[PDB]
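Peer 1: Below is the file input_19.cif, with mmCIF, C-alpha atoms and all ligand atoms.
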```cif
data_query
#
loop_
_atom_site.label_atom_id
_atom_site.label_comp_id
_atom_site.auth_asym_id
_atom_site.auth_seq_id
_atom_site.Cartn_x
_atom_site.Cartn_y
_atom_site.Cartn_z
CA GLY A 13 0.00 0.00 0.00
CA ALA A 14 0.78 3.70 0.06
CA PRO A 15 3.62 3.41 2.73
CA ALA A 16 5.44 0.55 0.89
CA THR A 17 5.13 2.52 -2.40
CA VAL A 18 6.94 5.52 -0.77
CA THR A 19 9.72 3.21 0.56
CA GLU A 20 10.22 1.77 -2.99
CA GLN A 21 9.60 4.93 -5.10
CA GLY A 22 9.94 7.99 -2.84
CA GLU A 23 12.43 10.75 -3.29
CA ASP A 24 14.76 11.50 -0.39
CA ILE A 25 14.07 15.16 0.40
CA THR A 26 16.39 15.35 3.36
CA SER A 27 19.60 17.41 3.15
CA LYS A 28 21.60 14.65 4.81
CA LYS A 29 20.28 12.03 2.28
CA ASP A 30 19.52 9.67 5.14
CA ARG A 31 16.09 8.62 3.77
CA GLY A 32 14.50 10.26 6.84
CA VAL A 33 11.76 11.92 4.76
CA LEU A 34 10.68 10.20 1.56
CA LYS A 35 8.17 11.85 -0.79
CA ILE A 36 6.05 10.99 -3.75
CA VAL A 37 3.68 13.36 -5.55
CA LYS A 38 0.17 12.00 -6.04
CA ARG A 39 -1.19 15.19 -7.70
CA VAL A 40 0.90 18.00 -9.24
CA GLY A 41 -0.04 21.47 -7.91
CA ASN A 42 -0.33 24.80 -9.66
CA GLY A 43 2.35 27.13 -10.79
CA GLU A 44 5.83 27.07 -9.32
CA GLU A 45 5.74 28.82 -5.92
CA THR A 46 6.35 26.83 -2.71
CA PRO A 47 6.02 28.29 0.78
CA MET A 48 8.72 30.29 2.61
CA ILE A 49 9.70 29.92 6.27
CA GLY A 50 7.25 31.98 8.28
CA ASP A 51 4.41 31.47 5.80
CA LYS A 52 0.99 30.42 7.07
CA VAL A 53 -0.01 27.21 5.25
CA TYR A 54 -3.46 25.55 5.01
CA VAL A 55 -3.58 21.79 4.45
CA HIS A 56 -5.73 18.76 4.59
CA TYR A 57 -4.00 15.63 5.81
CA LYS A 58 -4.25 12.07 6.92
CA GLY A 59 -1.60 10.44 9.10
CA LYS A 60 -0.91 7.05 10.52
CA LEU A 61 1.70 5.00 12.28
CA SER A 62 3.33 3.00 9.43
CA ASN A 63 1.95 -0.20 11.03
CA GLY A 64 -1.63 1.37 11.00
CA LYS A 65 -2.35 1.09 14.80
CA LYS A 66 -3.42 4.82 15.04
CA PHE A 67 -4.88 7.21 12.40
CA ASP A 68 -5.60 10.97 12.36
CA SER A 69 -7.22 13.27 9.72
CA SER A 70 -8.06 16.93 9.27
CA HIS A 71 -11.30 15.70 7.66
CA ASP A 72 -12.51 15.03 11.32
CA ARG A 73 -12.89 18.83 11.89
CA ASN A 74 -13.85 19.22 8.16
CA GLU A 75 -11.59 22.37 8.24
CA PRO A 76 -8.03 22.99 7.10
CA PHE A 77 -5.11 22.30 9.45
CA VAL A 78 -3.22 25.63 9.68
CA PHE A 79 0.36 26.01 10.77
CA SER A 80 3.34 28.22 10.02
CA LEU A 81 6.43 26.85 8.35
CA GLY A 82 9.63 26.89 10.53
CA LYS A 83 7.93 28.05 13.71
CA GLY A 84 8.18 24.81 15.61
CA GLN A 85 4.49 24.07 15.29
CA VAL A 86 4.84 20.55 13.80
CA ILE A 87 7.34 17.72 13.53
CA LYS A 88 10.51 18.50 11.54
CA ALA A 89 9.43 16.27 8.66
CA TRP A 90 6.40 18.51 8.02
CA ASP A 91 8.52 21.66 7.85
CA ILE A 92 10.77 19.82 5.34
CA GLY A 93 7.98 18.17 3.35
CA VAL A 94 5.43 21.01 3.13
CA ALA A 95 8.17 23.44 2.11
CA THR A 96 8.58 21.37 -1.10
CA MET A 97 4.86 21.50 -2.08
CA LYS A 98 2.99 23.68 -4.60
CA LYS A 99 -0.60 24.95 -4.06
CA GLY A 100 -2.97 22.11 -5.00
CA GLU A 101 -0.34 19.40 -4.63
CA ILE A 102 -1.10 16.11 -2.88
CA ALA A 103 1.94 14.27 -1.58
CA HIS A 104 2.70 11.12 0.42
CA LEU A 105 5.48 11.30 3.00
CA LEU A 106 7.13 8.40 4.86
CA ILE A 107 9.01 9.65 7.90
CA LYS A 108 11.65 8.00 10.04
CA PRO A 109 11.56 8.68 13.82
CA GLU A 110 14.54 11.04 13.74
CA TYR A 111 12.32 13.54 11.82
CA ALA A 112 9.24 12.93 13.98
CA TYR A 113 9.09 11.85 17.67
CA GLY A 114 12.41 9.99 17.92
CA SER A 115 13.36 7.55 20.67
CA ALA A 116 11.23 9.59 23.23
CA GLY A 117 7.98 8.95 21.30
CA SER A 118 4.92 10.84 22.58
CA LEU A 119 2.51 8.85 24.67
CA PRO A 120 -0.21 7.94 24.38
CA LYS A 121 -0.35 8.16 20.55
CA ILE A 122 3.26 7.69 19.37
CA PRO A 123 5.54 4.83 20.45
CA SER A 124 9.35 5.30 20.55
CA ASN A 125 11.18 5.03 17.24
CA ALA A 126 7.87 5.20 15.13
CA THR A 127 7.85 5.59 11.34
CA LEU A 128 4.94 7.79 10.24
CA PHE A 129 3.02 8.05 6.98
CA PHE A 130 1.12 11.14 5.86
CA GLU A 131 -0.98 12.22 2.89
CA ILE A 132 -0.91 16.04 2.70
CA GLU A 133 -2.90 18.30 0.38
CA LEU A 134 -1.50 21.84 0.28
CA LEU A 135 -4.58 24.06 -0.15
CA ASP A 136 -3.03 27.54 0.11
CA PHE A 137 -0.36 29.58 1.84
CA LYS A 138 0.06 33.26 2.66
CA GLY A 139 2.75 35.61 3.89
CA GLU A 140 3.02 36.64 7.59
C1 LIG B 201 8.50 21.32 16.87
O1 LIG B 201 8.21 19.93 17.17
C2 LIG B 201 6.92 19.60 17.49
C3 LIG B 201 5.86 20.46 17.42
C4 LIG B 201 4.58 20.02 17.81
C5 LIG B 201 4.38 18.72 18.21
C6 LIG B 201 2.92 18.24 18.62
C7 LIG B 201 2.30 17.23 17.65
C8 LIG B 201 1.86 17.97 16.39
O2 LIG B 201 1.61 16.89 15.34
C9 LIG B 201 2.42 16.80 14.27
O3 LIG B 201 3.42 17.53 14.20
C10 LIG B 201 2.03 15.89 13.22
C11 LIG B 201 1.94 16.68 11.94
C12 LIG B 201 0.73 17.62 11.91
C13 LIG B 201 -0.49 16.81 12.10
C14 LIG B 201 -0.52 16.03 13.41
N1 LIG B 201 0.75 15.19 13.50
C15 LIG B 201 0.80 13.98 14.10
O4 LIG B 201 1.92 13.45 14.31
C16 LIG B 201 -0.44 13.33 14.58
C17 LIG B 201 -0.30 11.75 14.63
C18 LIG B 201 -0.04 11.22 13.21
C19 LIG B 201 0.10 9.68 13.22
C20 LIG B 201 -1.12 8.99 13.85
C21 LIG B 201 -1.34 9.55 15.28
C22 LIG B 201 -1.46 11.06 15.30
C23 LIG B 201 -0.85 13.87 15.90
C24 LIG B 201 -0.02 13.71 16.99
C25 LIG B 201 -0.47 14.16 18.24
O5 LIG B 201 0.31 14.07 19.40
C26 LIG B 201 1.59 13.46 19.34
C27 LIG B 201 -1.71 14.69 18.39
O6 LIG B 201 -2.16 15.05 19.70
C28 LIG B 201 -1.79 16.37 20.04
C29 LIG B 201 -2.53 14.81 17.35
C30 LIG B 201 -2.15 14.34 16.06
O7 LIG B 201 -3.73 15.30 17.62
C31 LIG B 201 -4.54 15.77 16.54
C32 LIG B 201 -5.69 16.62 17.01
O8 LIG B 201 -6.55 15.83 17.83
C33 LIG B 201 -5.18 17.80 17.91
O9 LIG B 201 -6.36 18.59 18.26
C34 LIG B 201 -4.23 18.81 17.24
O10 LIG B 201 -2.89 18.08 17.22
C35 LIG B 201 -1.82 18.86 16.83
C36 LIG B 201 -1.85 20.14 16.50
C37 LIG B 201 -0.63 20.80 16.15
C38 LIG B 201 0.54 20.05 16.12
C39 LIG B 201 0.56 18.72 16.45
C40 LIG B 201 -0.64 18.09 16.80
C41 LIG B 201 5.48 17.82 18.29
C42 LIG B 201 6.75 18.27 17.88
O11 LIG B 201 7.88 17.49 17.86
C43 LIG B 201 7.81 16.16 18.38
#
```
Please re-express this file's structure in structure tokens.
Ligand SMILES: COc1ccc(CC[C@H]2OC(=O)[C@@H]3CCCCN3C(=O)[C@@H](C3CCCCC3)c3cc(OC)c(OC)c(c3)OC[C@@H](O)[C@H](O)COc3cccc2c3)cc1OC

Peer 2:
Amino acid sequence: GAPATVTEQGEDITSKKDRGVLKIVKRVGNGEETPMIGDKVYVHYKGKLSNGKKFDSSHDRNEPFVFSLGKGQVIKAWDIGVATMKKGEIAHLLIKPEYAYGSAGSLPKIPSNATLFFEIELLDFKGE
């Protein structure tokens, strides 16, 4: 399924080329612009532990998930991954623990050393 496809086909978007954040594009976005650090971004998403024991969506609230890039609002993998996305893009990300919750984990949802999978749709972004 989607997580195994990212492992086999995903691009390594990390600087260190350690396969910590792997990406595939499921839908090409519009234009060329991608968001800057400090930009307010609006997404829909679905996330899961790569073994599927826990799941989370924005579609629960039926409202965008809003966060600002580079402000420490989200796991490091989201700052890296969303920064690469165009408006309208849908991407899949597979994330190693070093770019998410690490050895500490985050009880009760996230065990130590957890690989995460996300689908993210970048709806819009705006300047601070
Ligand atoms: C700067 O570093 C951080 C900043 C913030 C956080 C808090 C967690 C933060 O969630 C995330 O960063 C990612 C990406 C954005 C969407 C939510 N994320 C999750 O990891 C999900 C996971 C995904 C796999 C399946 C289980 C849920 C998430 C993790 C949560 O805690 C660890 C969590 O509880 C807070 C959560 C949703 O709740 C969703 C919703 O019920 C809350 O109302 C809003 O949650 C967040 C809101 C903002 C940021 C994050 C969570 C952690 C950070 O580093 C460890």

Peer 1: Determine, for each residue of range 69-124 of chain A having at least one atom at most 12 Å from an atom of range 22-31 of chain A, the closest pair of atoms and their separation in Å to one decimal, counting only C-alpha atoms; order by chain and ascending number, as a tab-separated table.

Peer 2:
```
residue	atom	partner	partner_atom	distance
A:88	CA	A:26	CA	10.6
A:89	CA	A:26	CA	8.8
A:90	CA	A:25	CA	11.3
A:91	CA	A:26	CA	11.0
A:92	CA	A:26	CA	7.4
A:93	CA	A:25	CA	7.4
A:94	CA	A:25	CA	10.8
A:95	CA	A:25	CA	10.3
A:96	CA	A:25	CA	8.4
A:97	CA	A:25	CA	11.5
A:103	CA	A:22	CA	10.2
A:104	CA	A:22	CA	8.5
A:105	CA	A:22	CA	8.1
A:106	CA	A:22	CA	8.2
A:107	CA	A:31	CA	8.3
A:108	CA	A:31	CA	7.7
A:109	CA	A:31	CA	11.0
A:110	CA	A:30	CA	10.0
A:111	CA	A:26	CA	9.6
```

Peer 1: Could you give me, as number ranges by chain, every polymer residue with an atom at most 10 Å away from an atom of ligand LIG 201 (chain B), counting all atoms listed in the file?

Peer 2: A: 55-62, 64-70, 72-73, 77-79, 82-91, 109-114, 116-123, 126-130, 132

Peer 1: If you count all atoms listed in the file, which residues fall within 10 Å of residue 41 in chain A, apart from same-chain ones fewer than 6 positions away, as a PyMOL selection string?

Peer 2: chain A and resi 97-103+133-135

Peer 1: Excluding residue 137 in chain A and any residue of its chain fewer than 3 positions from it, enumerate the residues within 8 Å of it, using all atoms listed in the file, and give them as a list in words.

Peer 2: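 The residues satisfying every condition are residues 47, 51, 52, 53, 54, 99 and 134 of chain A.
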
Peer 1: Rank nothing, just name the residue among A:34, A:40, A:18, A:49 nearest to residue 81 in chain A, using all atoms listed in the file.

Peer 2: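 The closest residue to residue 81 in chain A is A:49.
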
Peer 1: With 5 Å added on each side, what axis-aligned box encloses every listed atom of range 122-128 of chain A? Give the centre and edge lengths in Å to one decimal, as AutoDock Vina command-line options.

Peer 2:
```
--center_x 7.2 --center_y 6.3 --center_z 15.4 --size_x 17.9 --size_y 13.0 --size_z 20.3
```

Peer 1: Grab the CA of residue 44 in chain A to CA of residue 136 in chain A distance for me, in Å with one decimal place.

Peer 2: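 Separation between CA of residue 44 in chain A and CA of residue 136 in chain A: 12.9 Å.
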
Peer 1: Rank A:38, A:80, A:32, A:74 by their smallest atom-to-atom distance to residue 17 in chain A, using only C-alpha atoms, and report the top residue only.

Peer 2: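 The answer is A:38, which sits nearest to residue 17 in chain A.
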
Peer 1: Suppose you want the space between CA of residue 50 in chain A and CA of residue 140 in chain A; what is it in Å?

Peer 2: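 It comes out at 6.3 Å.
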
Peer 1: What would range 15-32 of chain A look like with N, CA, C and O atoms in place, written as an mmCIF file, keeping the file's coordinate frame?

Peer 2:
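Printed below is result_39.cif as written:
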```cif
data_model
loop_
_atom_site.group_PDB
_atom_site.id
_atom_site.type_symbol
_atom_site.label_atom_id
_atom_site.label_comp_id
_atom_site.auth_asym_id
_atom_site.auth_seq_id
_atom_site.Cartn_x
_atom_site.Cartn_y
_atom_site.Cartn_z
ATOM 1 N N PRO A 15 2.317 3.345 2.047
ATOM 2 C CA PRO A 15 3.620 3.410 2.730
ATOM 3 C C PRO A 15 4.710 2.615 2.025
ATOM 4 O O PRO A 15 5.786 3.110 1.815
ATOM 5 N N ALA A 16 4.446 1.380 1.636
ATOM 6 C CA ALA A 16 5.440 0.550 0.890
ATOM 7 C C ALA A 16 5.810 1.223 -0.463
ATOM 8 O O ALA A 16 6.986 1.204 -0.940
ATOM 9 N N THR A 17 4.823 1.822 -1.116
ATOM 10 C CA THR A 17 5.130 2.520 -2.400
ATOM 11 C C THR A 17 6.141 3.661 -2.167
ATOM 12 O O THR A 17 7.059 3.879 -2.984
ATOM 13 N N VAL A 18 5.997 4.414 -1.081
ATOM 14 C CA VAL A 18 6.940 5.520 -0.770
ATOM 15 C C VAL A 18 8.328 4.945 -0.497
ATOM 16 O O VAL A 18 9.324 5.491 -0.944
ATOM 17 N N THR A 19 8.390 3.842 0.254
ATOM 18 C CA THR A 19 9.720 3.210 0.560
ATOM 19 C C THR A 19 10.391 2.851 -0.751
ATOM 20 O O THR A 19 11.596 3.126 -0.886
ATOM 21 N N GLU A 20 9.629 2.288 -1.722
ATOM 22 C CA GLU A 20 10.220 1.770 -2.990
ATOM 23 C C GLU A 20 10.463 2.914 -3.955
ATOM 24 O O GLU A 20 11.482 2.866 -4.665
ATOM 25 N N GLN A 21 9.599 3.936 -3.982
ATOM 26 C CA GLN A 21 9.600 4.930 -5.100
ATOM 27 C C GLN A 21 9.912 6.377 -4.651
ATOM 28 O O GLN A 21 10.124 7.312 -5.490
ATOM 29 N N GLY A 22 9.865 6.612 -3.366
ATOM 30 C CA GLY A 22 9.940 7.990 -2.840
ATOM 31 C C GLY A 22 11.276 8.619 -3.035
ATOM 32 O O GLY A 22 12.336 7.958 -2.990
ATOM 33 N N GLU A 23 11.259 9.907 -3.241
ATOM 34 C CA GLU A 23 12.430 10.750 -3.290
ATOM 35 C C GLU A 23 12.900 11.116 -1.905
ATOM 36 O O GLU A 23 12.077 11.488 -1.041
ATOM 37 N N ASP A 24 14.186 11.091 -1.665
ATOM 38 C CA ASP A 24 14.760 11.500 -0.390
ATOM 39 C C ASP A 24 14.944 12.983 -0.338
ATOM 40 O O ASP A 24 15.796 13.524 -1.083
ATOM 41 N N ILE A 25 14.058 13.690 0.375
ATOM 42 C CA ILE A 25 14.070 15.160 0.400
ATOM 43 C C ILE A 25 14.833 15.713 1.572
ATOM 44 O O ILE A 25 14.819 16.920 1.835
ATOM 45 N N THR A 26 15.540 14.858 2.285
ATOM 46 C CA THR A 26 16.390 15.350 3.360
ATOM 47 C C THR A 26 17.691 15.928 2.796
ATOM 48 O O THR A 26 18.207 15.456 1.762
ATOM 49 N N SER A 27 18.263 16.869 3.485
ATOM 50 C CA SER A 27 19.600 17.410 3.150
ATOM 51 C C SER A 27 20.673 16.329 3.300
ATOM 52 O O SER A 27 21.557 16.189 2.448
ATOM 53 N N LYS A 28 20.574 15.632 4.432
ATOM 54 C CA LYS A 28 21.600 14.650 4.810
ATOM 55 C C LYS A 28 21.546 13.393 3.948
ATOM 56 O O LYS A 28 22.503 12.590 4.010
ATOM 57 N N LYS A 29 20.504 13.225 3.135
ATOM 58 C CA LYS A 29 20.280 12.030 2.280
ATOM 59 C C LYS A 29 20.430 10.822 3.152
ATOM 60 O O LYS A 29 21.008 9.800 2.767
ATOM 61 N N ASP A 30 19.620 10.801 4.204
ATOM 62 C CA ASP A 30 19.520 9.670 5.140
ATOM 63 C C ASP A 30 18.169 8.943 5.038
ATOM 64 O O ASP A 30 17.843 8.114 5.910
ATOM 65 N N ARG A 31 17.386 9.243 4.018
ATOM 66 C CA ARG A 31 16.090 8.620 3.770
ATOM 67 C C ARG A 31 15.143 8.889 4.950
ATOM 68 O O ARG A 31 14.145 8.208 5.005
ATOM 69 N N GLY A 32 15.388 9.983 5.686
ATOM 70 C CA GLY A 32 14.500 10.260 6.840
ATOM 71 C C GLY A 32 13.128 10.780 6.487
ATOM 72 O O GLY A 32 12.192 10.626 7.271
#
```
